[PDB]
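Heads up: the structure comes next, in structure tokens.
Just so it is clear: chains get the letters A, B, ... in the order the sequence lines come, proteins before strands, and each one is counted from 1. Keep in mind that the numbers below use all heavy atoms, side chains included, and drop hydrogens, waters and symmetry copies.
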Amino acid sequence: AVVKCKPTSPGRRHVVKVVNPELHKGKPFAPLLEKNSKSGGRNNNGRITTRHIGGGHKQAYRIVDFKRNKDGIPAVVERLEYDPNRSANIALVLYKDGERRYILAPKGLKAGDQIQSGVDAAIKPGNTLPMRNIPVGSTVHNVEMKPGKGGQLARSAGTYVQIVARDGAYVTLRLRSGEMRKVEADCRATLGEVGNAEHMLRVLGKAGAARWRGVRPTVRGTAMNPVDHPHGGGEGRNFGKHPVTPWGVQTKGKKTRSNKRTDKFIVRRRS
Amino acid sequence: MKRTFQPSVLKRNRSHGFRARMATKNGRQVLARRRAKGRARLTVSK
Amino acid sequence: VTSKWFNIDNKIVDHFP
RNA sequence: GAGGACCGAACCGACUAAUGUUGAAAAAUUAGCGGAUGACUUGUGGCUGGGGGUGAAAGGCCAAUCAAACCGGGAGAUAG
RNA sequence: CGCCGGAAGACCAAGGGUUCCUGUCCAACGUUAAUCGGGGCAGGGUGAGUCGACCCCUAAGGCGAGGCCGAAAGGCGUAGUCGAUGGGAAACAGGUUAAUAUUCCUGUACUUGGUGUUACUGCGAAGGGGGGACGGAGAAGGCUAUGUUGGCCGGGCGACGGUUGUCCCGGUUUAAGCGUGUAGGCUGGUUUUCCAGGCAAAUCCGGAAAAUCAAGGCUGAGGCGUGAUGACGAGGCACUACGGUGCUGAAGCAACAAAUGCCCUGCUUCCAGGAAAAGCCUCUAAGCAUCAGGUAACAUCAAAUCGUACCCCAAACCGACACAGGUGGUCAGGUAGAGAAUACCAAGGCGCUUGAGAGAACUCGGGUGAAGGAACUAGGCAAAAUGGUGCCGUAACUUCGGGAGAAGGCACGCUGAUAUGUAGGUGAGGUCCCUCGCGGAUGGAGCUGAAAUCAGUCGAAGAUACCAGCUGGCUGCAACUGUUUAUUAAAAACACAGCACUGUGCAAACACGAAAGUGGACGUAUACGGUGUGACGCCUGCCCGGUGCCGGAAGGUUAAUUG
RNA sequence: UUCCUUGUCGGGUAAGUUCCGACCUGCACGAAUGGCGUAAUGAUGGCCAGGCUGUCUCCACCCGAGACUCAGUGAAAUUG
RNA sequence: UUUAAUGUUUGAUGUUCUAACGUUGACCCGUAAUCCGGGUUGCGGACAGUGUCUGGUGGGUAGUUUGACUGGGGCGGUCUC
Ligand SMILES: N[C@@H](Cc1c[nH]c2ccccc12)C(=O)O
Ligand SMILES: [K+]
Ligand SMILES: [K+]
Ligand SMILES: [K+]
Ligand SMILES: [K+]
Ligand SMILES: [K+]
Ligand SMILES: [K+]
Ligand SMILES: [K+]
Ligand SMILES: [K+]
Ligand SMILES: [K+]
Ligand SMILES: [K+]
Ligand SMILES: [K+]
Ligand SMILES: [K+]
Ligand SMILES: [K+]
Ligand SMILES: [K+]
Ligand SMILES: [K+]
Ligand SMILES: [K+]
Ligand SMILES: [K+]
Ligand SMILES: [K+]
Ligand SMILES: [K+]
Ligand SMILES: [K+]
Ligand SMILES: [K+]
Ligand SMILES: [K+]
Ligand SMILES: [K+]
Ligand SMILES: [K+]
Ligand SMILES: [K+]
Ligand SMILES: [K+]
Ligand SMILES: [K+]
Ligand SMILES: [K+]
Ligand SMILES: [K+]
Ligand SMILES: [K+]
Ligand SMILES: [Mg+2]
Ligand SMILES: [Mg+2]
Ligand SMILES: [Mg+2]
Ligand SMILES: [Mg+2]
Ligand SMILES: [Mg+2]
Ligand SMILES: [Mg+2]
Ligand SMILES: [Mg+2]
Ligand SMILES: [Mg+2]
Ligand SMILES: [Mg+2]
Ligand SMILES: [Mg+2]
Ligand SMILES: [Mg+2]
Ligand SMILES: [Mg+2]
Ligand SMILES: [Mg+2]
Ligand SMILES: [Mg+2]
Ligand SMILES: [Mg+2]
Ligand SMILES: [Mg+2]
Ligand SMILES: [Mg+2]
Ligand SMILES: [Mg+2]
Ligand SMILES: [Mg+2]
Ligand SMILES: [Mg+2]
Ligand SMILES: [Mg+2]
Ligand SMILES: [Mg+2]
Ligand SMILES: [Mg+2]
Ligand SMILES: [Mg+2]
Ligand SMILES: [Mg+2]
Ligand SMILES: [Mg+2]
Ligand SMILES: [Mg+2]
Ligand SMILES: [Mg+2]
Ligand SMILES: [Mg+2]
Ligand SMILES: [Mg+2]
Ligand SMILES: [Mg+2]
Ligand SMILES: [Mg+2]
Ligand SMILES: [Mg+2]
Ligand SMILES: [Mg+2]
Ligand SMILES: [Mg+2]
Ligand SMILES: [Mg+2]
Ligand SMILES: [Mg+2]
Ligand SMILES: [Mg+2]
Ligand SMILES: [Mg+2]
Ligand SMILES: [Mg+2]
Ligand SMILES: [Mg+2]
Ligand SMILES: [Mg+2]
Ligand SMILES: [Mg+2]
Ligand SMILES: [Mg+2]
Ligand SMILES: [Mg+2]
Ligand SMILES: [Mg+2]
Ligand SMILES: [Mg+2]
Ligand SMILES: [Mg+2]
Ligand SMILES: [Mg+2]
Ligand SMILES: [Mg+2]
Ligand SMILES: [Mg+2]
Ligand SMILES: [Mg+2]
Ligand SMILES: [Mg+2]
Ligand SMILES: [Mg+2]
Ligand SMILES: [Mg+2]
Ligand SMILES: [Mg+2]
Ligand SMILES: [Mg+2]
Ligand SMILES: [Mg+2]
Ligand SMILES: [Mg+2]
Ligand SMILES: [Mg+2]
Ligand SMILES: [Mg+2]
Ligand SMILES: [Mg+2]
Ligand SMILES: [Mg+2]
Ligand SMILES: [Mg+2]
Ligand SMILES: [Mg+2]
Ligand SMILES: [Mg+2]
Ligand SMILES: [Mg+2]
Ligand SMILES: [Mg+2]
Ligand SMILES: [Mg+2]
Ligand SMILES: [Mg+2]
Ligand SMILES: [Mg+2]
Ligand SMILES: [Mg+2]
Ligand SMILES: [Mg+2]
Ligand SMILES: [Mg+2]
Ligand SMILES: [Mg+2]
Ligand SMILES: [Mg+2]
């Protein structure tokens, strides 16, 4: 649920937090953890290649199962957990043979529920099938783009995809951006939407709350000198030029996609 | 107040030492110039 | 050097514009 | 028993005034001043290199040097 | 006599390198003299199985066989191999030198290997599993370091009134190890049968089923016992080459208070969700199978090499100086106090390497001031004032938290009584139980001890010193805490939570790179980048002609090419 | 943000080019290079009052460190 | 002159295909290896992408220019006949 903090301090007045009482209060499953060191937005040349990144809390990577290729063996959800590396929540599932894995938690999934993957699985949320066995119109998530590669679409909190049509070897999906696309019908997808759909209702409340997430402050280009940004300079506040990125390219309207080899899979761009 | 030279013999050697000069092509150019000139101490070593 | 801070201080130096 | 909560030492800063101005000091002292569980502070190590870095953005900082560092060379540049 | 005493004392890391200690010298060095010195000269001094490095293991990062890429030089990177600021076996007390000591000596210990004998026996990894192994805050409870008082022991009977007592001074210390297993903390235990899991196997780990048991196990400060009939010990005595050296040696207890240390890597809670690898335990594979190998006891051997002096808030390091500067960690007594603030002291250490006079103007740093009280000035700048604890009391406005310590006011010492010291805290002896114990109940000796009320009393003054808010009214700007021109600008500037537009369908856009690649991100449109605005409230009107961007494609013009 | 300009009117003062309230003749405001408000906050700008005072009328005395004399050591800028 | 029928390119367009080429899909081996290479297969596929030439855009970056007279210079005016 979303709760509003009381204004007992200027830094608490506007904070809204999302509290889920049914997450796990404990340490995560140790065998499925890994090391995740930060970068500061710097590449192998030592140079800043993405700006406004740096700092934050230490985090551990949870090895999440995006492929779901353990076909035919049922699993039971053991608990729901907090993942620092993604906006959605993960679930820990135990297979009938004694293997534990992490999956993205769909909406409505709670501890004790039964999930299964493969061509013979039932049509209920949390189940993974190839998309030629999923009825048209269904709402799916964690969609594969190439068979056997692992899910890459609709992986964020509250997102999903719709299977709009099927024709021979391809299905037409409506992506969350409102964009039609064709994928091969042998790609798998999980039934249902991604949980934590109230993740967007939170309000950070203070400037230090965003430094906990590893985001350094942004300086407006219009507040620089001409040697720094194309927007800099002037006495008082002057703009008098068309907006551009710090490397000179026009923003606010110009289109940047140029990929001629995947253009055959785009039925219709977003609007 | 704090000055610019804060000694540390570990970083003095990992920066300017003999084995650091020898590790690159330009470092070995410096050592060849100091031998030609005739310097008694080639590097900051011991 | 060059200073003689009062030969750098430009209230003292730049007195007649 | 929360909090970029409160008062206040260590610690980090630098708002005012006086002294000093071939200084005790190439930026300090004295008396007051701000923050003081945090967007804090500090030790050791590492990475980014000059039209380049880094910059909560002052053309600020990059070894007392910065509207383009320092060293050597072109070089005895050119100088109505 | 004065000064520091959360240091101006003691111990280290970094850095320096002989400055350390003894004899001798005073030319130069020392902001003066020097018989002195961190100065000159000569000699001496640094002792380790356990402390540190080296060593085994890794982080960020480096290098990198092959490899991919690049005019050359080279770039990136796999297997690997390095790289601590982190993980990994083991020693304490006393004595001793002029100068080293957990290193030497005395006493008492512990750790890991090799070899050998004896006894029993399934051993084996580059592989599997466990473990190592981890956040912020908060609250205590149990302790100890440590301190105070009493008892005990040794000495004292006082330069001036008094001082054989409810008097004065000093001491009252003891370790690692080894034994026991306690306050606390976590966890259900045992056996059997089966199994799509753990790159193969597994008796190990994971999972499923049944029977049985109400307990078992893991961890753990402190205390107690021993170590220890020892050592140390106030003093006394005997010498002194006057610095010290030799000998002997009493008491060596209890109560109370108490940590920021320990149990505690615990427990509770929150969201921002909190290293890796080895040592270590265990399971098997290939292999070997009267062996080898493993477990235990005993005996024996080994534990190499390098550091070790001295200074380290400093005259020895960084600042050209014997320079009001800078410099990480550890230790942390008393009386008042909430306190590591502040005042006076202890242990300990110092008086800052020119002095002697005098007592002009002026400058610097302070004290007091008649009457007035901002008239000063750009401006109450600077000074003066306020200042503590407890209780009463407190407006507009408000986002309902605030404002607010609003404003303002009252009490405050000492002595006596309530009460020969109260409420509270701690808790002995004793008695009973049993679980005969590091136990439970009762009990209250002794110790410690606020706050208040009544009564009296002194001063001009009782928050007496040090320490320690000035307050209120109207208004501009920026919501706020932050950041910024090291070294003349701290702000109304930058940031910010929030808002909007816009790009991006994943080999993403985008950025760094002749490239390979890398970041974005081990993310996936509730995500990511760019741009502007800037909490919140009420809102954000008209113009697409110009420049830009987006869509269109009929027609006009239009390159290489062809010829 | 307003040149003319110390606009005019009201308030506060004995006296107010600043301040506060209004008016609108906006040289030359105005709606995310946001408009108008706003509790709390600020070493933020302006103005007013109480207390307090050597800031001042208008200075006087005292306490120390220099300045002065003696002994010792011993500079610098500058200069036909 | 118009027209078609004929065989061909040769162009244009379109649709199929696979064998170049791509693969930051899966699996197997070198191998103790998320690099690389080889192999088997899937999906794309003569497209994409790279070279040479070419039109456009291009303060992202660079080199430069921005007159003289003048009762100081700028502003204004003038500069030859
Ligand atoms: N006058 C001051 C400050 C100062 C230092 N350097 C300066 C240069 C210019 C002006 C002033 C200064 C001094 O001498 O310490
Ligand atoms: K592990
Ligand atoms: K910004
Ligand atoms: K500007
Ligand atoms: K608290
Ligand atoms: K740190
Ligand atoms: K340069
Ligand atoms: K001398
Ligand atoms: K000197
Ligand atoms: K270390
Ligand atoms: K093992
Ligand atoms: K088992
Ligand atoms: K030593
Ligand atoms: K106060
Ligand atoms: K400030
Ligand atoms: K700024
Ligand atoms: K966006
Ligand atoms: K990554
Ligand atoms: K227009
Ligand atoms: K237009
Ligand atoms: K138009
Ligand atoms: K105006
Ligand atoms: K008036
Ligand atoms: K009046
Ligand atoms: K405003
Ligand atoms: K301020
Ligand atoms: K104000
Ligand atoms: K292929
Ligand atoms: K092409
Ligand atoms: K003239
Ligand atoms: K003339
Ligand atoms: Mg950004
Ligand atoms: Mg932003
Ligand atoms: Mg600026
Ligand atoms: Mg520019
Ligand atoms: Mg302007
Ligand atoms: Mg605070
Ligand atoms: Mg302070
Ligand atoms: Mg600063
Ligand atoms: Mg100051
Ligand atoms: Mg100060
Ligand atoms: Mg304050
Ligand atoms: Mg404070
Ligand atoms: Mg923080
Ligand atoms: Mg500027
Ligand atoms: Mg220099
Ligand atoms: Mg500098
Ligand atoms: Mg230049
Ligand atoms: Mg030349
Ligand atoms: Mg020359
Ligand atoms: Mg004192
Ligand atoms: Mg010497
Ligand atoms: Mg000496
Ligand atoms: Mg002398
Ligand atoms: Mg000395
Ligand atoms: Mg000497
Ligand atoms: Mg490399
Ligand atoms: Mg190693
Ligand atoms: Mg010594
Ligand atoms: Mg392991
Ligand atoms: Mg006696
Ligand atoms: Mg006696
Ligand atoms: Mg007498
Ligand atoms: Mg006594
Ligand atoms: Mg290893
Ligand atoms: Mg020195
Ligand atoms: Mg020098
Ligand atoms: Mg001195
Ligand atoms: Mg000093
Ligand atoms: Mg310090
Ligand atoms: Mg003190
Ligand atoms: Mg002493
Ligand atoms: Mg005097
Ligand atoms: Mg007076
Ligand atoms: Mg008087
Ligand atoms: Mg008076
Ligand atoms: Mg006046
Ligand atoms: Mg006047
Ligand atoms: Mg003042
Ligand atoms: Mg009022
Ligand atoms: Mg209230
Ligand atoms: Mg109230
Ligand atoms: Mg009050
Ligand atoms: Mg105003
Ligand atoms: Mg502000
Ligand atoms: Mg502030
Ligand atoms: Mg400054
Ligand atoms: Mg200043
Ligand atoms: Mg300043
Ligand atoms: Mg962005
Ligand atoms: Mg703005
Ligand atoms: Mg167009
Ligand atoms: Mg008036
Ligand atoms: Mg007005
Ligand atoms: Mg404006
Ligand atoms: Mg405008
Ligand atoms: Mg508008
Ligand atoms: Mg606008
Ligand atoms: Mg406004
Ligand atoms: Mg004199
Ligand atoms: Mg003299
Ligand atoms: Mg001269
Ligand atoms: Mg240019
Ligand atoms: Mg151009
Ligand atoms: Mg040129
Ligand atoms: Mg001219
Ligand atoms: Mg003229």
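For A/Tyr95, the OH atom sits in a packed shell: over 12 heavy atoms of surrounding residues, nucleotides or ligands are nearer than 6.0 Å.
The structure places CZ of A/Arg155 at 6.0 Å from CZ of A/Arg86, a figure rounded to the nearest 0.5 Å. One finds the CD1 atom of A/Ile134 at 10.5 Å from the SG atom of A/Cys187 (value rounded to the nearest 0.5 Å). Annotation: the span from A/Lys70 atom NZ to A/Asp97 atom CG amounts to 4.5 Å, rounded to 0.5 Å. Interatomic distance, A/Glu144 CD to A/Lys149 NZ, rounded to the nearest 0.5 Å: 9.5 Å. Atom CG of residue A/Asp71 and atom OG1 of residue A/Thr128 lie 9.0 Å apart, to the nearest 0.5 angstrom. Annotation: the span from C/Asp14 atom CG to C/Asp9 atom CG amounts to 9.5 Å, rounded to 0.5 Å.
The partner of E/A289 cannot be assigned: no Watson-Crick or G-U wobble pair with both contacts below 3.5 Å exists in any strand. E/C317 is paired with E/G326 under the criterion used here, namely a Watson-Crick or G-U wobble arrangement in which both key atom distances are under 3.5 Å. For F/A67, there is no paired base (Watson-Crick or G-U wobble, both distances below 3.5 Å). Look at E/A201: it lacks any Watson-Crick or wobble partner with both distances under 3.5 angstrom. Pair check for E/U342 finds E/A336; Watson-Crick or G-U wobble, both atom distances under 3.5 Å. A 3.5 Å limit on both hydrogen-bonding distances identifies E/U368 as the Watson-Crick or G-U partner of F/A60. Pairing partner, E/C494: E/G482, with both Watson-Crick or wobble hydrogen-bond distances short of 3.5 Å. Across all strands shown, E/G64 remains unpaired; no Watson-Crick or G-U wobble contact has both distances below 3.5 Å.
Annotated as syn: E/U485, whose glycosidic dihedral is within 90° of 0. With its glycosidic angle more than 90° from 0, F/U13 is assigned anti. For E/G198, the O4'-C1' to base torsion is more than 90° from 0; the nucleotide is therefore anti. Base orientation of E/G548: anti, the glycosidic angle falling outside 90° of 0.
A donor N or O paired with an acceptor N or O is not found under 3.5 Å between the base of E/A525 and the side-chain atoms of A/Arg176. Contact annotation: side chain of A/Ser177 to base of E/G505, donor-acceptor pair present below 3.5 Å. With hydrogens and angles ignored, no donor-acceptor pair under 3.5 angstrom links the side chain of A/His14 to the base of E/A497. For E/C549, the base has no donor-acceptor partner in the side chain of A/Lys252 [N/O atoms by modelled type, under 3.5 angstrom].
The closest donor-acceptor contact from the side chain of A/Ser138 to the backbone of A/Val136 lies at 3.5 Å or more, if one exists at all. A/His141 contributes a side-chain N or O that, together with a main-chain N or O of A/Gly192, makes up a donor-acceptor pair within less than 3.5 Å. A side-chain donor-acceptor contact under 3.5 Å links A/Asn196 to the backbone of A/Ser87. Judged by distance alone, the side chain of A/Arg42 and the main-chain N or O of A/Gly40 form a donor-acceptor pair under 3.5 Å. A donor-acceptor pair under 3.5 Å is absent between the side-chain atoms of A/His199 and the main chain of A/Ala197, judged by distance alone.
Under the 3.5 Å cutoff applied to both distances, E/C522 and E/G421 fail to qualify as a Watson-Crick or G-U wobble pair. Taken as a pair, E/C41 and E/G23 qualify: Watson-Crick (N1-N3 plus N6-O4 or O6-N4) or G-U wobble (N1-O2 and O6-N3), both under 3.5 Å. Using the rule of two distances under 3.5 Å, E/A231 and E/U173 count as a Watson-Crick or G-U wobble pair. Taken together, E/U248 and E/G235 qualify as a Watson-Crick or G-U wobble pair under the 3.5 Å criterion applied to both distances. Taken together, E/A10 and E/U330 constitute a Watson-Crick or G-U wobble pair, since both relevant N/O distances lie under 3.5 Å. Between E/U174 and E/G230, a Watson-Crick or G-U wobble pair is formed, both defining distances falling under 3.5 Å.
Of the candidates E/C318, G/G25, E/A527, G/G25 carries the atom nearest the A/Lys146 side chain, counting heavy atoms from C-beta on. Nearest to the side chain of A/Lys58, among E/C494, E/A507, E/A275, sits E/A275. The nucleotide whose nearest atom lies closest to any side-chain atom of A/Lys35 is, among E/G529, E/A275, E/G503, E/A275. Counting only heavy atoms from C-beta on, A/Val227 has its side chain closest to D/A68 among E/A196, D/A63, D/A68.
Between A/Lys67 and A/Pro230, the residue whose closest nucleotide on RNA chain G is further toward the 5' end is A/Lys67. Nearest-nucleotide assignment on RNA chain F puts the 5′-proximal partner with A/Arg237, out of A/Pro10 and A/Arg237. If A/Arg13 and A/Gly240 are placed on RNA chain F by their nearest nucleotide, the residue sitting closer to the 5' end is A/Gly240.
Taking a 4.5 Å side-chain heavy-atom cut-off between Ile, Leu, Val, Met, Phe, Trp and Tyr, the cluster of A/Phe265 extends to A/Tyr170.
Side-chain contact check for A/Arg257 and A/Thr262: at least one donor-acceptor pair (N or O, by modelled atom type) lies under 3.5 Å.
In this structure, the CZ atom of B/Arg3 is 13 Å from the P atom of E/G325, given to the nearest Å. For the pair A/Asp263 CG and E/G505 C1', the computed distance is 11 Å after rounding to whole Å. Following rounding to the nearest Å, A/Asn36 (CG) and E/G519 (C1') show an atom-to-atom distance of 14 Å. Rounded to an integer number of Å, the gap from CE of A/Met200 to P of E/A527 is 9 Å.
Residue A/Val15 is out of contact with every strand shown, counting any heavy-atom pair closer than 4.0 Å. Among the heavy atoms of the strands lying under 4.0 Å from A/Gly221 are primed sugar atoms or P, OP1, OP2 only; no base atom is included.
Salt bridge A/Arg181/A/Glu179: absent, no basic N to carboxylate O contact under 4.0 Å.
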Atom pairs under 3.5 Å, N or O on each side, protein against nucleotides 205-208 of chain E: can you list them with distances?
residue: E/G206; atom: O2'; partner: A/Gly98; partner atom: O; Å: 3.0
residue: E/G206; atom: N2; partner: A/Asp97; partner atom: O; Å: 3.2
residue: E/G207; atom: OP1; partner: A/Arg100; partner atom: NH2; Å: 3.1

For nucleotides 42-47 of chain D, tabulate all protein N/O to nucleotide N/O atom pairs closer than 3.5 Å, reporting atom names and distance.
residue: D/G45; atom: OP1; partner: B/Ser8; partner atom: OG; Å: 3.1

Contacts under 3.5 Å, N or O only, protein and nucleotides 43-48 of chain G:
residue: G/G44; atom: OP1; partner: A/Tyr170; partner atom: OH; Å: 3.1

Extract from the structure each pairing of a protein N or O with an N or O of nucleotides 508-511 of chain E at less than 3.5 Å, listing the distance.
residue: E/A509; atom: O2'; partner: A/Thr256; partner atom: OG1; Å: 2.8

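Listed by chain and residue number, nothing satisfies the salt bridge (charged side-chain N to carboxylate O under 4.0 Å, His left out) test with A/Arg220 (two or more places apart in sequence, or in another chain).
The residue from A/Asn127, A/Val140, A/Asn142 that alone fulfils the side chain to side chain contact (heavy atoms under 4.5 Å, CB included) condition with A/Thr190 is A/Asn142.
Both stacking criteria are satisfied for A/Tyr61 over the base of E/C522: a centre-to-centre distance under 5.5 angstrom and an angle between ring planes under 30 degrees.
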Please step through salt bridge (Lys or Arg N to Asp or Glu O under 4.0 Å) for the pair A/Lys110 and A/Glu22, ending with a clear verdict. CA-CA 9 Å; A/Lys110 70 201 185 311; A/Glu22 81 170 46; over 6 Å; no

